[PDB]
Amino acid sequence: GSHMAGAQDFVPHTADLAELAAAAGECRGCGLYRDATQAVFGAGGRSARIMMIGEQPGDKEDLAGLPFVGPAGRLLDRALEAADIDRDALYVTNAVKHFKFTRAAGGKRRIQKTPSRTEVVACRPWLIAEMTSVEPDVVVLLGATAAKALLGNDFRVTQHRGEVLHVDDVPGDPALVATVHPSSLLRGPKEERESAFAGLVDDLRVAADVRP
Ligand SMILES: O=c1cc[nH]c(=O)[nH]1
Ligand code: SF4
């Protein structure tokens, strides 16, 4: 009803990641396909047991067609290295698959703008498809958007950071760990950003030890 179908019309009944990624290029589940160059689907293979979910592609992601290749990806890799996790053993994706940005004169263009909850819920069927395909043991939710995508619109990362949680409406019942988004660490107060980074590394280590 006045709740949207969003991407559900566009998701094929398949577990194959190539078929899903190509189908996502055709998605018109929300408005974000219009400004964006292409859909940015996940990176990695179905053999991964840990899935990590960011917010949305940024500028270089939208051009490259792959997640976490810009500055946020550098910070993500710093954290993964500190947590002794191999990025190529992960399945990395985003809550929203099309880059949302403004082109408005005169400000910085091609910088991320906040996805609407409408858009996140519209795009969530792709996440469900990816979780059905990869069958992760653990899903790390990087930041508020991704966390709310699976844990609900009233979810606060600051109240549950690093806890190992479960929800009732996701296929296969992976453990969920909500944590800091690496992009949040690019700028901000020094002490809090470094405490947040250490907490991210802790949460990543926790996620790597969990088998529900
Ligand atoms: O892939 C990406 C890049 C930047 N920020 C995100 O949330 N995901
Ligand atoms: S952001 Fe997601 S729901 Fe919206 S058009 Fe792109 S793939 Fe479809």
# chains A, B, ... in the order shown; residues from 1 in each chain; ligands from 1
call {"tool": "closest_atom_pairs", "arguments": {"of": "chain A", "to": "ligand 2", "cutoff": "7 Å", "atoms": "only C-alpha atoms and all ligand atoms", "output": "JSON lines"}}
result
{"residue": "A:6", "atom": "CA", "partner": "ligand 2", "partner_atom_place_in_ligand_line": "3 (S)", "distance": 5.6}
{"residue": "A:7", "atom": "CA", "partner": "ligand 2", "partner_atom_place_in_ligand_line": "3 (S)", "distance": 4.7}
{"residue": "A:24", "atom": "CA", "partner": "ligand 2", "partner_atom_place_in_ligand_line": "7 (S)", "distance": 5.4}
{"residue": "A:27", "atom": "CA", "partner": "ligand 2", "partner_atom_place_in_ligand_line": "8 (Fe)", "distance": 4.3}
{"residue": "A:28", "atom": "CA", "partner": "ligand 2", "partner_atom_place_in_ligand_line": "5 (S)", "distance": 4.2}
{"residue": "A:29", "atom": "CA", "partner": "ligand 2", "partner_atom_place_in_ligand_line": "3 (S)", "distance": 4.0}
{"residue": "A:30", "atom": "CA", "partner": "ligand 2", "partner_atom_place_in_ligand_line": "4 (Fe)", "distance": 3.8}
{"residue": "A:31", "atom": "CA", "partner": "ligand 2", "partner_atom_place_in_ligand_line": "5 (S)", "distance": 5.7}
{"residue": "A:32", "atom": "CA", "partner": "ligand 2", "partner_atom_place_in_ligand_line": "5 (S)", "distance": 5.0}
{"residue": "A:33", "atom": "CA", "partner": "ligand 2", "partner_atom_place_in_ligand_line": "5 (S)", "distance": 4.5}
{"residue": "A:39", "atom": "CA", "partner": "ligand 2", "partner_atom_place_in_ligand_line": "7 (S)", "distance": 6.2}
{"residue": "A:96", "atom": "CA", "partner": "ligand 2", "partner_atom_place_in_ligand_line": "1 (S)", "distance": 4.8}
{"residue": "A:97", "atom": "CA", "partner": "ligand 2", "partner_atom_place_in_ligand_line": "1 (S)", "distance": 4.6}
{"residue": "A:98", "atom": "CA", "partner": "ligand 2", "partner_atom_place_in_ligand_line": "1 (S)", "distance": 4.3}
{"residue": "A:119", "atom": "CA", "partner": "ligand 2", "partner_atom_place_in_ligand_line": "4 (Fe)", "distance": 5.8}
{"residue": "A:122", "atom": "CA", "partner": "ligand 2", "partner_atom_place_in_ligand_line": "3 (S)", "distance": 4.7}
{"residue": "A:123", "atom": "CA", "partner": "ligand 2", "partner_atom_place_in_ligand_line": "3 (S)", "distance": 3.6}
call {"tool": "closest_atom_pairs", "arguments": {"of": "chain A", "to": "ligand 1", "cutoff": "6 Å", "atoms": "only C-alpha atoms and all ligand atoms", "output": "CSV"}}
result
residue,atom,partner,partner_atom_place_in_ligand_line,distance
A:54,CA,ligand 1,7 (O),3.9
A:55,CA,ligand 1,7 (O),3.5
A:56,CA,ligand 1,7 (O),4.3
A:57,CA,ligand 1,2 (C),4.1
A:58,CA,ligand 1,4 (C),4.7
A:61,CA,ligand 1,1 (O),5.9
A:67,CA,ligand 1,1 (O),3.3
A:68,CA,ligand 1,1 (O),3.6
A:72,CA,ligand 1,4 (C),5.3
A:94,CA,ligand 1,8 (N),5.6
call {"tool": "closest_residue", "arguments": {"among": "A:35, A:26, A:81, A:16", "to": "residue 130 of chain A", "atoms": "only C-alpha atoms"}}
result
A:16
call {"tool": "residues_around", "arguments": {"residues": "residue 71 of chain A", "least_positions_apart": "2", "cutoff": "10 Å", "atoms": "only C-alpha atoms", "output": "number ranges by chain"}}
result
A: 58, 60, 68-69, 73-77, 182-183, 186
call {"tool": "residues_around", "arguments": {"residues": "residue 149 of chain A", "least_positions_apart": "3", "cutoff": "10 Å", "atoms": "only C-alpha atoms", "output": "PyMOL selection string"}}
result
chain A and resi 53+55+95-96+117+120-121+123-124+127+141+144-146+152-153+155
call {"tool": "write_last_selection", "arguments": {"atoms": "N, CA and C atoms", "output": "PDB file, in the first residue's frame"}}
result
ATOM      1  N   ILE A  53      28.215  -4.094   5.555  1.00  0.00           N
ATOM      2  CA  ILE A  53      27.261  -3.256   4.828  1.00  0.00           C
ATOM      3  C   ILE A  53      27.503  -1.807   5.197  1.00  0.00           C
ATOM      4  N   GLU A  55      26.849   2.480   3.790  1.00  0.00           N
ATOM      5  CA  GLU A  55      25.678   3.309   3.547  1.00  0.00           C
ATOM      6  C   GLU A  55      25.312   3.338   2.060  1.00  0.00           C
ATOM      7  N   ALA A  95      23.835  -0.362   1.944  1.00  0.00           N
ATOM      8  CA  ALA A  95      22.380  -0.380   2.120  1.00  0.00           C
ATOM      9  C   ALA A  95      21.669   0.105   0.868  1.00  0.00           C
ATOM     10  N   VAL A  96      22.240   1.109   0.217  1.00  0.00           N
ATOM     11  CA  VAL A  96      21.689   1.738  -0.969  1.00  0.00           C
ATOM     12  C   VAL A  96      22.694   1.548  -2.097  1.00  0.00           C
ATOM     13  N   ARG A 117      14.955   7.344   4.417  1.00  0.00           N
ATOM     14  CA  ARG A 117      14.493   6.027   4.853  1.00  0.00           C
ATOM     15  C   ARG A 117      13.668   5.350   3.765  1.00  0.00           C
ATOM     16  N   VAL A 120      16.163   3.704   1.522  1.00  0.00           N
ATOM     17  CA  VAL A 120      16.785   2.554   2.161  1.00  0.00           C
ATOM     18  C   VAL A 120      15.830   1.372   2.173  1.00  0.00           C
ATOM     19  N   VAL A 121      14.571   1.620   2.529  1.00  0.00           N
ATOM     20  CA  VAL A 121      13.610   0.514   2.531  1.00  0.00           C
ATOM     21  C   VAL A 121      13.335   0.041   1.100  1.00  0.00           C
ATOM     22  N   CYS A 123      15.480  -0.147  -1.246  1.00  0.00           N
ATOM     23  CA  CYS A 123      16.634  -0.880  -1.749  1.00  0.00           C
ATOM     24  C   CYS A 123      16.898  -2.148  -0.938  1.00  0.00           C
ATOM     25  N   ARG A 124      16.339  -2.240   0.263  1.00  0.00           N
ATOM     26  CA  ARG A 124      16.542  -3.385   1.133  1.00  0.00           C
ATOM     27  C   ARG A 124      16.308  -4.758   0.481  1.00  0.00           C
ATOM     28  N   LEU A 127      19.571  -6.230  -0.406  1.00  0.00           N
ATOM     29  CA  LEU A 127      20.302  -6.761   0.739  1.00  0.00           C
ATOM     30  C   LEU A 127      19.783  -8.126   1.116  1.00  0.00           C
ATOM     31  N   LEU A 141      27.245  -3.956  10.372  1.00  0.00           N
ATOM     32  CA  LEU A 141      26.472  -2.825   9.868  1.00  0.00           C
ATOM     33  C   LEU A 141      27.286  -1.576  10.156  1.00  0.00           C
ATOM     34  N   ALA A 144      24.894   4.403  10.796  1.00  0.00           N
ATOM     35  CA  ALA A 144      23.495   4.510  11.190  1.00  0.00           C
ATOM     36  C   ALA A 144      22.560   4.028  10.087  1.00  0.00           C
ATOM     37  N   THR A 145      22.828   4.402   8.830  1.00  0.00           N
ATOM     38  CA  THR A 145      21.938   4.001   7.738  1.00  0.00           C
ATOM     39  C   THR A 145      21.858   2.493   7.607  1.00  0.00           C
ATOM     40  N   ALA A 146      23.020   1.842   7.451  1.00  0.00           N
ATOM     41  CA  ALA A 146      23.026   0.390   7.349  1.00  0.00           C
ATOM     42  C   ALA A 146      22.434  -0.258   8.587  1.00  0.00           C
ATOM     43  N   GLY A 152      15.875  -1.517  12.177  1.00  0.00           N
ATOM     44  CA  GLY A 152      14.691  -0.692  12.323  1.00  0.00           C
ATOM     45  C   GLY A 152      15.011   0.795  12.367  1.00  0.00           C
ATOM     46  N   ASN A 153      13.992   1.588  12.031  1.00  0.00           N
ATOM     47  CA  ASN A 153      14.164   3.010  11.898  1.00  0.00           C
ATOM     48  C   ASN A 153      14.431   3.698  13.233  1.00  0.00           C
ATOM     49  N   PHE A 155      16.462   2.397  15.531  1.00  0.00           N
ATOM     50  CA  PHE A 155      17.698   1.854  16.069  1.00  0.00           C
ATOM     51  C   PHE A 155      18.770   2.929  16.223  1.00  0.00           C
TER      52      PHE A 155
END
call {"tool": "select_by_dssp", "arguments": {"residues": "segment 69-160 of chain A", "states": "helix (DSSP H, G or I)", "output": "PDB file with N, CA, C and O atoms, in the first residue's frame"}}
result
ATOM      1  N   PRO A  71      38.156   7.257   0.001  1.00  0.00           N
ATOM      2  CA  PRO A  71      38.764   7.471   1.331  1.00  0.00           C
ATOM      3  C   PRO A  71      38.214   6.574   2.427  1.00  0.00           C
ATOM      4  O   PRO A  71      38.980   6.070   3.274  1.00  0.00           O
ATOM      5  N   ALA A  72      36.885   6.418   2.469  1.00  0.00           N
ATOM      6  CA  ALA A  72      36.279   5.537   3.458  1.00  0.00           C
ATOM      7  C   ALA A  72      36.830   4.130   3.352  1.00  0.00           C
ATOM      8  O   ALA A  72      37.009   3.473   4.371  1.00  0.00           O
ATOM      9  N   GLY A  73      37.120   3.660   2.135  1.00  0.00           N
ATOM     10  CA  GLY A  73      37.732   2.356   1.976  1.00  0.00           C
ATOM     11  C   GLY A  73      39.142   2.285   2.533  1.00  0.00           C
ATOM     12  O   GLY A  73      39.561   1.232   3.037  1.00  0.00           O
ATOM     13  N   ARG A  74      39.905   3.383   2.439  1.00  0.00           N
ATOM     14  CA  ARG A  74      41.207   3.401   3.102  1.00  0.00           C
ATOM     15  C   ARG A  74      41.053   3.234   4.603  1.00  0.00           C
ATOM     16  O   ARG A  74      41.816   2.487   5.237  1.00  0.00           O
ATOM     17  N   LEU A  75      40.078   3.927   5.193  1.00  0.00           N
ATOM     18  CA  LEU A  75      39.910   3.804   6.634  1.00  0.00           C
ATOM     19  C   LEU A  75      39.376   2.428   7.009  1.00  0.00           C
ATOM     20  O   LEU A  75      39.825   1.820   7.999  1.00  0.00           O
ATOM     21  N   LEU A  76      38.447   1.904   6.210  1.00  0.00           N
ATOM     22  CA  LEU A  76      38.006   0.527   6.410  1.00  0.00           C
ATOM     23  C   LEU A  76      39.189  -0.441   6.395  1.00  0.00           C
ATOM     24  O   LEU A  76      39.295  -1.322   7.252  1.00  0.00           O
ATOM     25  N   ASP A  77      40.098  -0.288   5.428  1.00  0.00           N
ATOM     26  CA  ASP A  77      41.226  -1.215   5.360  1.00  0.00           C
ATOM     27  C   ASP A  77      42.178  -1.043   6.543  1.00  0.00           C
ATOM     28  O   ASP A  77      42.752  -2.034   7.012  1.00  0.00           O
ATOM     29  N   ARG A  78      42.379   0.187   7.033  1.00  0.00           N
ATOM     30  CA  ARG A  78      43.141   0.344   8.274  1.00  0.00           C
ATOM     31  C   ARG A  78      42.521  -0.464   9.407  1.00  0.00           C
ATOM     32  O   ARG A  78      43.223  -1.156  10.165  1.00  0.00           O
ATOM     33  N   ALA A  79      41.199  -0.360   9.553  1.00  0.00           N
ATOM     34  CA  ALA A  79      40.539  -1.122  10.597  1.00  0.00           C
ATOM     35  C   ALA A  79      40.669  -2.623  10.361  1.00  0.00           C
ATOM     36  O   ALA A  79      40.898  -3.383  11.307  1.00  0.00           O
ATOM     37  N   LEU A  80      40.494  -3.086   9.115  1.00  0.00           N
ATOM     38  CA  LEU A  80      40.560  -4.520   8.872  1.00  0.00           C
ATOM     39  C   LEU A  80      41.945  -5.046   9.181  1.00  0.00           C
ATOM     40  O   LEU A  80      42.107  -6.136   9.728  1.00  0.00           O
ATOM     41  N   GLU A  81      42.962  -4.273   8.829  1.00  0.00           N
ATOM     42  CA  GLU A  81      44.315  -4.683   9.136  1.00  0.00           C
ATOM     43  C   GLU A  81      44.542  -4.777  10.640  1.00  0.00           C
ATOM     44  O   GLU A  81      45.119  -5.755  11.133  1.00  0.00           O
ATOM     45  N   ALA A  82      44.054  -3.791  11.390  1.00  0.00           N
ATOM     46  CA  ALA A  82      44.180  -3.843  12.839  1.00  0.00           C
ATOM     47  C   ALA A  82      43.383  -4.993  13.462  1.00  0.00           C
ATOM     48  O   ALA A  82      43.717  -5.424  14.573  1.00  0.00           O
ATOM     49  N   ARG A  87      40.280  -8.495   3.593  1.00  0.00           N
ATOM     50  CA  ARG A  87      39.156  -7.921   2.866  1.00  0.00           C
ATOM     51  C   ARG A  87      38.655  -8.852   1.765  1.00  0.00           C
ATOM     52  O   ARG A  87      37.451  -8.887   1.474  1.00  0.00           O
ATOM     53  N   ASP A  88      39.545  -9.620   1.154  1.00  0.00           N
ATOM     54  CA  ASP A  88      39.052 -10.466   0.075  1.00  0.00           C
ATOM     55  C   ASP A  88      38.346 -11.724   0.563  1.00  0.00           C
ATOM     56  O   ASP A  88      37.827 -12.472  -0.278  1.00  0.00           O
ATOM     57  N   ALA A  89      38.285 -11.961   1.882  1.00  0.00           N
ATOM     58  CA  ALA A  89      37.455 -13.031   2.443  1.00  0.00           C
ATOM     59  C   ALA A  89      36.080 -12.542   2.876  1.00  0.00           C
ATOM     60  O   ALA A  89      35.289 -13.335   3.398  1.00  0.00           O
ATOM     61  N   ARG A 117      14.955   7.344   4.417  1.00  0.00           N
ATOM     62  CA  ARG A 117      14.493   6.027   4.853  1.00  0.00           C
ATOM     63  C   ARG A 117      13.668   5.350   3.765  1.00  0.00           C
ATOM     64  O   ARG A 117      13.683   4.109   3.657  1.00  0.00           O
ATOM     65  N   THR A 118      12.906   6.132   2.998  1.00  0.00           N
ATOM     66  CA  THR A 118      12.152   5.581   1.884  1.00  0.00           C
ATOM     67  C   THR A 118      13.073   4.869   0.917  1.00  0.00           C
ATOM     68  O   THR A 118      12.755   3.791   0.427  1.00  0.00           O
ATOM     69  N   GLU A 119      14.217   5.480   0.629  1.00  0.00           N
ATOM     70  CA  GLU A 119      15.134   4.887  -0.337  1.00  0.00           C
ATOM     71  C   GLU A 119      15.795   3.651   0.248  1.00  0.00           C
ATOM     72  O   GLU A 119      15.966   2.635  -0.439  1.00  0.00           O
ATOM     73  N   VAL A 120      16.163   3.704   1.522  1.00  0.00           N
ATOM     74  CA  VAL A 120      16.785   2.554   2.161  1.00  0.00           C
ATOM     75  C   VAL A 120      15.830   1.372   2.173  1.00  0.00           C
ATOM     76  O   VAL A 120      16.209   0.233   1.871  1.00  0.00           O
ATOM     77  N   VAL A 121      14.571   1.620   2.529  1.00  0.00           N
ATOM     78  CA  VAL A 121      13.610   0.514   2.531  1.00  0.00           C
ATOM     79  C   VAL A 121      13.335   0.041   1.100  1.00  0.00           C
ATOM     80  O   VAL A 121      13.149  -1.162   0.846  1.00  0.00           O
ATOM     81  N   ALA A 122      13.337   0.961   0.143  1.00  0.00           N
ATOM     82  CA  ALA A 122      13.136   0.560  -1.241  1.00  0.00           C
ATOM     83  C   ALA A 122      14.248  -0.365  -1.728  1.00  0.00           C
ATOM     84  O   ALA A 122      13.987  -1.282  -2.521  1.00  0.00           O
ATOM     85  N   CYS A 123      15.480  -0.147  -1.246  1.00  0.00           N
ATOM     86  CA  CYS A 123      16.634  -0.880  -1.749  1.00  0.00           C
ATOM     87  C   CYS A 123      16.898  -2.148  -0.938  1.00  0.00           C
ATOM     88  O   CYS A 123      17.561  -3.068  -1.432  1.00  0.00           O
ATOM     89  N   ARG A 124      16.339  -2.240   0.263  1.00  0.00           N
ATOM     90  CA  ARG A 124      16.542  -3.385   1.133  1.00  0.00           C
ATOM     91  C   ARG A 124      16.308  -4.758   0.481  1.00  0.00           C
ATOM     92  O   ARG A 124      17.037  -5.708   0.840  1.00  0.00           O
ATOM     93  N   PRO A 125      15.364  -4.926  -0.475  1.00  0.00           N
ATOM     94  CA  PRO A 125      15.261  -6.242  -1.137  1.00  0.00           C
ATOM     95  C   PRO A 125      16.572  -6.737  -1.754  1.00  0.00           C
ATOM     96  O   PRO A 125      16.774  -7.963  -1.824  1.00  0.00           O
ATOM     97  N   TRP A 126      17.464  -5.828  -2.197  1.00  0.00           N
ATOM     98  CA  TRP A 126      18.762  -6.285  -2.707  1.00  0.00           C
ATOM     99  C   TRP A 126      19.607  -6.859  -1.590  1.00  0.00           C
ATOM    100  O   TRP A 126      20.281  -7.877  -1.789  1.00  0.00           O
ATOM    101  N   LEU A 127      19.571  -6.230  -0.406  1.00  0.00           N
ATOM    102  CA  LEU A 127      20.302  -6.761   0.739  1.00  0.00           C
ATOM    103  C   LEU A 127      19.783  -8.126   1.116  1.00  0.00           C
ATOM    104  O   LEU A 127      20.561  -9.024   1.444  1.00  0.00           O
ATOM    105  N   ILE A 128      18.460  -8.286   1.123  1.00  0.00           N
ATOM    106  CA  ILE A 128      17.885  -9.590   1.433  1.00  0.00           C
ATOM    107  C   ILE A 128      18.354 -10.625   0.418  1.00  0.00           C
ATOM    108  O   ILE A 128      18.756 -11.732   0.778  1.00  0.00           O
ATOM    109  N   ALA A 129      18.326 -10.268  -0.870  1.00  0.00           N
ATOM    110  CA  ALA A 129      18.857 -11.162  -1.891  1.00  0.00           C
ATOM    111  C   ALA A 129      20.330 -11.516  -1.633  1.00  0.00           C
ATOM    112  O   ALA A 129      20.734 -12.686  -1.784  1.00  0.00           O
ATOM    113  N   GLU A 130      21.157 -10.511  -1.292  1.00  0.00           N
ATOM    114  CA  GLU A 130      22.577 -10.772  -1.037  1.00  0.00           C
ATOM    115  C   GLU A 130      22.771 -11.685   0.169  1.00  0.00           C
ATOM    116  O   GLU A 130      23.646 -12.559   0.160  1.00  0.00           O
ATOM    117  N   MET A 131      21.992 -11.477   1.233  1.00  0.00           N
ATOM    118  CA  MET A 131      22.130 -12.332   2.405  1.00  0.00           C
ATOM    119  C   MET A 131      21.664 -13.745   2.106  1.00  0.00           C
ATOM    120  O   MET A 131      22.241 -14.703   2.618  1.00  0.00           O
ATOM    121  N   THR A 132      20.624 -13.898   1.275  1.00  0.00           N
ATOM    122  CA  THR A 132      20.238 -15.236   0.834  1.00  0.00           C
ATOM    123  C   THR A 132      21.329 -15.896  -0.011  1.00  0.00           C
ATOM    124  O   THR A 132      21.536 -17.113   0.072  1.00  0.00           O
ATOM    125  N   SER A 133      22.071 -15.103  -0.793  1.00  0.00           N
ATOM    126  CA  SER A 133      23.109 -15.623  -1.676  1.00  0.00           C
ATOM    127  C   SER A 133      24.372 -16.002  -0.897  1.00  0.00           C
ATOM    128  O   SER A 133      24.933 -17.090  -1.077  1.00  0.00           O
ATOM    129  N   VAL A 134      24.825 -15.119  -0.020  1.00  0.00           N
ATOM    130  CA  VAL A 134      26.090 -15.307   0.678  1.00  0.00           C
ATOM    131  C   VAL A 134      25.938 -16.153   1.933  1.00  0.00           C
ATOM    132  O   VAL A 134      26.891 -16.822   2.351  1.00  0.00           O
ATOM    133  N   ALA A 144      24.894   4.403  10.796  1.00  0.00           N
ATOM    134  CA  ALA A 144      23.495   4.510  11.190  1.00  0.00           C
ATOM    135  C   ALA A 144      22.560   4.028  10.087  1.00  0.00           C
ATOM    136  O   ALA A 144      21.599   3.299  10.361  1.00  0.00           O
ATOM    137  N   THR A 145      22.828   4.402   8.830  1.00  0.00           N
ATOM    138  CA  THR A 145      21.938   4.001   7.738  1.00  0.00           C
ATOM    139  C   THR A 145      21.858   2.493   7.607  1.00  0.00           C
ATOM    140  O   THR A 145      20.761   1.908   7.605  1.00  0.00           O
ATOM    141  N   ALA A 146      23.020   1.842   7.451  1.00  0.00           N
ATOM    142  CA  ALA A 146      23.026   0.390   7.349  1.00  0.00           C
ATOM    143  C   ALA A 146      22.434  -0.258   8.587  1.00  0.00           C
ATOM    144  O   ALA A 146      21.673  -1.234   8.483  1.00  0.00           O
ATOM    145  N   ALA A 147      22.757   0.262   9.786  1.00  0.00           N
ATOM    146  CA  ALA A 147      22.209  -0.354  10.984  1.00  0.00           C
ATOM    147  C   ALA A 147      20.694  -0.297  10.947  1.00  0.00           C
ATOM    148  O   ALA A 147      20.022  -1.302  11.166  1.00  0.00           O
ATOM    149  N   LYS A 148      20.145   0.883  10.656  1.00  0.00           N
ATOM    150  CA  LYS A 148      18.688   1.010  10.639  1.00  0.00           C
ATOM    151  C   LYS A 148      18.057   0.183   9.517  1.00  0.00           C
ATOM    152  O   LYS A 148      16.896  -0.236   9.631  1.00  0.00           O
ATOM    153  N   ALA A 149      18.796  -0.047   8.425  1.00  0.00           N
ATOM    154  CA  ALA A 149      18.252  -0.850   7.339  1.00  0.00           C
ATOM    155  C   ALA A 149      17.799  -2.230   7.815  1.00  0.00           C
ATOM    156  O   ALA A 149      16.764  -2.721   7.357  1.00  0.00           O
ATOM    157  N   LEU A 150      18.546  -2.875   8.724  1.00  0.00           N
ATOM    158  CA  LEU A 150      18.159  -4.182   9.226  1.00  0.00           C
ATOM    159  C   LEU A 150      17.591  -4.171  10.641  1.00  0.00           C
ATOM    160  O   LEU A 150      16.840  -5.088  10.991  1.00  0.00           O
ATOM    161  N   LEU A 151      17.924  -3.176  11.459  1.00  0.00           N
ATOM    162  CA  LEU A 151      17.520  -3.181  12.868  1.00  0.00           C
ATOM    163  C   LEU A 151      16.354  -2.253  13.165  1.00  0.00           C
ATOM    164  O   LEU A 151      15.891  -2.205  14.311  1.00  0.00           O
ATOM    165  N   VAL A 157      22.778   3.310  16.880  1.00  0.00           N
ATOM    166  CA  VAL A 157      24.088   2.654  16.957  1.00  0.00           C
ATOM    167  C   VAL A 157      24.790   3.004  18.265  1.00  0.00           C
ATOM    168  O   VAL A 157      25.486   2.164  18.858  1.00  0.00           O
ATOM    169  N   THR A 158      24.633   4.254  18.737  1.00  0.00           N
ATOM    170  CA  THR A 158      25.310   4.678  19.969  1.00  0.00           C
ATOM    171  C   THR A 158      24.811   3.927  21.198  1.00  0.00           C
ATOM    172  O   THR A 158      25.540   3.834  22.207  1.00  0.00           O
ATOM    173  N   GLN A 159      23.599   3.378  21.146  1.00  0.00           N
ATOM    174  CA  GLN A 159      23.094   2.610  22.274  1.00  0.00           C
ATOM    175  C   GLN A 159      23.519   1.143  22.223  1.00  0.00           C
ATOM    176  O   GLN A 159      23.437   0.446  23.248  1.00  0.00           O
ATOM    177  N   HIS A 160      23.953   0.647  21.054  1.00  0.00           N
ATOM    178  CA  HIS A 160      24.209  -0.789  20.935  1.00  0.00           C
ATOM    179  C   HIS A 160      25.509  -1.117  20.224  1.00  0.00           C
ATOM    180  O   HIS A 160      25.650  -2.236  19.720  1.00  0.00           O
TER     181      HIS A 160
END
call {"tool": "atom_distance", "arguments": {"atom1": "atom CA of residue 209 of chain A", "atom2": "atom CA of residue 167 of chain A"}}
result
19.1 Å
call {"tool": "residues_around", "arguments": {"residues": "segment 192-208 of chain A", "least_positions_apart": "6", "cutoff": "8 Å", "atoms": "only C-alpha atoms", "output": "MDAnalysis selection string"}}
result
chainID A and resid 50 79:80 82:85 138:140 161:164 177 179:180 182 184:185
